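Each answer follows from the model by the rule given with it, or from the source it names; no laboratory read-out is quoted. A quick note on method: Cβ atoms are made from the backbone with ideal geometry, for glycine too, and the neighbour counts reach across all protein chains shown.
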Ligand SMILES: [Ca+2]
Ligand SMILES: [Ca+2]
């Protein structure tokens, strides 16, 4: 049905018009197979997210099954592509993929998170029908979190001349950028050029550096290489040097991007044009003062993020990924750790574009499986690639670990947002057997990485450093000896200091921190940290796992110490699976079924709705915004009254002074409860933070990074006024967060809002419709759980509904879902023809709400 011709881009979108079927028995690799009855889907696609929860599955992977899925796509290849090279590129398939083309088996790929490709040229039927087939075998159990199943990332097709730049074939280095910044910058490039024709070729390269999206006349540097002869069927590595004239640096505030264009010439005619995205920047990790970007000290205010996208499952939709980054940026995040596996390229694209530093992790476990997951990557880590396996992307001369590592580095080596390669996470946690071989495995991975990309330091997240394991010491030394950075998981202040004293050569950071566990909007108790009867957790920041720490504690220990370059809070968003403290590593329901099925670690829930601690972090991290946030909500049936009718009231703010007022119900006269002022601390490197040092300060130091009042319960409004350092009042309404909580009536109406009122009509783009359950005056009912039904009309489709509630087993693909803590989310996707999307949210006894979304055709 689809068509491939000579007028398409060198690399083109191949997502459309696939056939899919779930089956553990069918054998559909033959072109003549009858798939006319199969379901038609556009990639990316997750076939785990549509199946039912089952008690016989595992809690850590969200009780959802995997299974064997088949993808088939029939397409014509035009006559005029004969003599051209064709390859198919997968950015990710989870997992155990097998690829046939026209009935011929090309190879396999085990790992579910690394990119790979296959050459199709040798089996292509030029001027005829062709059939690509992908078998996906996600056998449970393979994951400590929800993985999803299928082709959950973009697929592309690459068509080139016989002489062409190789796949991911250009490497860029600027080794003297730190001292050349502002003048001429030396660029050293290495380009892989393949000659896949029957004749020798004498090729030259013309390479040009110019602003992304601009014209070549705005170039700041160019080189043409001397002619190099490349025999038929051979390849050459062509080195070149470009002097770039005062390039604009890439930074968090100004992520300036450039296109580095390579043209392959033979006989004066351009045979192939290959572009790579680039940014000029350098980093540094100092053992005493931490991280710097472009010579400026910067604190790594980071979060860990799993790959899935909430109700969409594992599908790496670009808008969903971008919305995650946007919400994190508003919190003050400047860095993401891709725990614990390579990101989708789309995430790398967004971070390049938006100015977010990426610590890209490649592996969770190494050669030993975790948590009884007999099908995880540890089964493949140390195995070799079969001689008849034509899979492409990385080095094939050793093990899958080396393949998937180098394949990820090859894809992202030029991305300015990527600052570190993380080689593993808690590699010796949750396993069986001796750990004595792990230093040598670590040193092996370090050697591969240094040879694959010398420009970035490598790292990992080790939680055994705080246990002072001999192996962790040996591995941290080898990291340091190779220019790497040591990441410690779940250290506290005392252990940070112990590392600094015991291993003074190490540059360290908190690779995984906090792991606080909270639900959104739960206030009838201030305690947590363990299973409850209502399958939810308090929203107060008094709840964390036994090996973790509350948010204020894990940040207080980091912000004080300049030698702790930063933190990667677990996690920025909730993710499916690992529903700790209702977690389960084997099969069976945890607690009363239906059991919690997604995480509680997230600062933001799966639907993108922030929890209260979001604004604590925002008060600590976001220097472009003022925060003023109050918890709890002020309804009697949701507050936690200690005897005396006192409710603990917490204020998250970056202001210098806060005055707390109470206005009795229907009074319009506010009465002052009291004021508190923060003390400004300044570290040796120049970082600043605020702590409360009043006479009534909390006995626990880190809890003084915010403000607490005891307020007797009474119907009305709790409001707050913020003042800056000069005592000028911070204007009301200009702060982020709830500066006032009011006793609400019962639910009366719905309030729907599309985050983007116009989206692209490409069948991919999304609009997120946040719906609130409010009373007659528009106040969100804090505990409302009304079932909301979504009617979607026009040039769009409902693709997900969500509320973030872990024990809610209602289908993500239904048109209805209960609200949780007053909110529910609908996700609509455009079609491929412009028009209008009409979405109506309704519920029994409530006033409906309607949003309209325009969709614009692709230019
Ligand atoms: Ca398991
Ligand atoms: Ca601020």
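Limited to region 436-454, what total is found for residues that are surrounded by 16 or more Cβ atoms within 10 Å (Cβ to Cβ) and not in a helix (DSSP H, G or I)?
Looking only at region 436-454, we keep the residues that are surrounded by 16 or more Cβ atoms within 10 Å (Cβ to Cβ), and these are 438-439, 441-446, 448-450, 452-453.
Next, from what is left, pick out any that are not in a helix (DSSP H, G or I): 453.
Residues that pass the stated criteria total 1.
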Do we find a residue being touching a helix residue (DSSP H, G or I) at 6+ places or on another chain (Cβ under 8 Å), surrounded by fewer than 22 Cβ atoms within 10 Å (Cβ to Cβ) and over 21 Å from residue 598 (Cβ atoms) anywhere in region 744-760? yes
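I'd like to check something: does region 473-481 contain any residue that is assigned by CATH to the domain that holds residue 539 and outside any helix (DSSP H, G or I)? Full working, then the answer.
So in region 473-481, the residues assigned by CATH to the domain that holds residue 539 come out as 473-481.
If we keep only those that are outside any helix (DSSP H, G or I) too, we end up with none.
No, because not a single residue in region 473-481 is assigned by CATH to the domain that holds residue 539 and outside any helix (DSSP H, G or I).
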Sole residue being away from ligand 2 (no atom under 16 Å from the Cβ) and assigned by CATH to the domain that holds residue 722, chosen from 653, 606, 668: 668
Please work out if residue 549 is crowded, with 24+ Cβ neighbours inside 10 Å and under 14 Å from residue 616 (Cβ atoms). no
Considering each of 704, 738 in turn, give the residue that is in contact with a helix residue (DSSP H, G or I) (Cβ under 9 Å, 6 or more places away or on another chain), free of Cβ contacts under 8 Å to residues at least 40 places away in the same chain and buried (at least 18 other Cβ atoms within 10 Å of the Cβ). 704
Inside region 778-807, can you point out the residues that are out of contact with any strand residue (DSSP E or B) (no Cβ under 6 Å at 6 or more places or on another chain) and either part of a strand (DSSP E or B) or within 15 Å of residue 752 (Cα to Cα) (or both)? 778
Close pairs (9 angstrom Cβ cut-off, 6 or more residues apart or separate chains): more than 15 Å from residue 299 (Cβ to Cβ) in region 611-622, part of a loop (DSSP other than H, G, I, E, B) and within 16 Å of ligand 1 (Cβ to nearest atom) anywhere: none
Matching residues, region 610-630, being more than 13 Å from ligand 2 (Cβ to nearest atom) and buried (at least 24 other Cβ atoms within 10 Å of the Cβ): 611, 612, 613, 614, 630
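When you scan region 629-636, do you find a residue that is under 28 Å from residue 60 (Cα atoms) and in contact with a helix residue (DSSP H, G or I) (Cβ under 6 Å, 6 or more places away or on another chain), even just one?
Looking only at region 629-636, we keep the residues that are under 28 Å from residue 60 (Cα atoms), and these are none.
So far as region 629-636 goes, no, none of its residues is under 28 Å from residue 60 (Cα atoms) and in contact with a helix residue (DSSP H, G or I) (Cβ under 6 Å, 6 or more places away or on another chain).
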May I ask you to list the residues in region 289-328 that are within 16 Å of ligand 2 (Cβ to nearest atom) and in a strand (DSSP E or B)? 301
Tell me which of these residue 388 doesn't satisfy, since it passes every other one: (1) more than 24 Å from residue 451 (Cα to Cα); (2) crowded, with 20+ Cβ neighbours inside 10 Å. (2)
Across region 54-76, what is the number of residues that are away from ligand 1 (no atom under 15 Å from the Cβ) and either in a loop (DSSP other than H, G, I, E, B) or within 30 Å of residue 592 (Cβ to Cβ) (or both)? 1
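Residue by residue, here is whether (1) within 16 Å of ligand 1 (Cβ to nearest atom); (2) not in a loop (DSSP other than H, G, I, E, B) holds:
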{"site": "539", "(1), (2)": "no, no"}
{"site": "549", "(1), (2)": "no, no"}
{"site": "553", "(1), (2)": "no, yes"}
{"site": "585", "(1), (2)": "yes, no"}
{"site": "619", "(1), (2)": "no, yes"}
{"site": "625", "(1), (2)": "no, no"}
Please work out if residue 842 is outside the structural domain of residue 53 (by CATH) and within 28 Å of residue 534 (Cβ to Cβ). yes
Need pairs with beta-carbon distance below 7 Å; first residue in the same structural domain as residue 155 (by CATH) and within region 118-143, second part of a helix (DSSP H, G or I); sequence gap 6+ or separate chains. 126/79; 126/81; 127/79; 140/61; 141/61; 143/61
Residue ranges of strands (runs of 3 or more DSSP E) in region 1-41 with at least 2 members without any contact (Cβ under 8 Å) to a residue 60 or more places away in the chain: 18-22, 39-41
Select from region 329-342 the residues that are under 10 Å from the mean Cα position of the chain (by Cα) and under 20 Å from residue 416 (Cβ atoms) and write down the one among them that is nearest to ligand 2 (Cβ to nearest atom). 336
Of residues in region 640-681 being over 22 Å from residue 704 (Cα atoms) and surrounded by 16 or more Cβ atoms within 10 Å (Cβ to Cβ), the one farthest from the chain's Cα centre (by Cα): 670
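Picking from 393, 382, 387, which residue would you name as being on the phi > 0 side of the Ramachandran plot and away from ligand 2 (no atom under 16 Å from the Cβ)? Give the steps one after another, and end with the answer.
Values: 382 fails: on the phi > 0 side of the Ramachandran plot; 387 fails: on the phi > 0 side of the Ramachandran plot.
Answer to the selection: 393.
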Farther than 27 Å from residue 746 by Cβ, outside any strand (DSSP E or B) and touching a strand residue (DSSP E or B) at 6+ places or on another chain (Cβ under 9 Å): does that describe residue 601? yes
Search result, residues across region 350-382 that are under 27 Å from residue 566 (Cα atoms) and free of Cβ contacts under 8 Å to residues at least 40 places away in the same chain: 350
Picked from region 111-140 (must be crowded, with 22+ Cβ neighbours inside 10 Å and closer than 17 Å to residue 381 by Cα), the residue nearest to the chain's Cα centre (by Cα) is 113
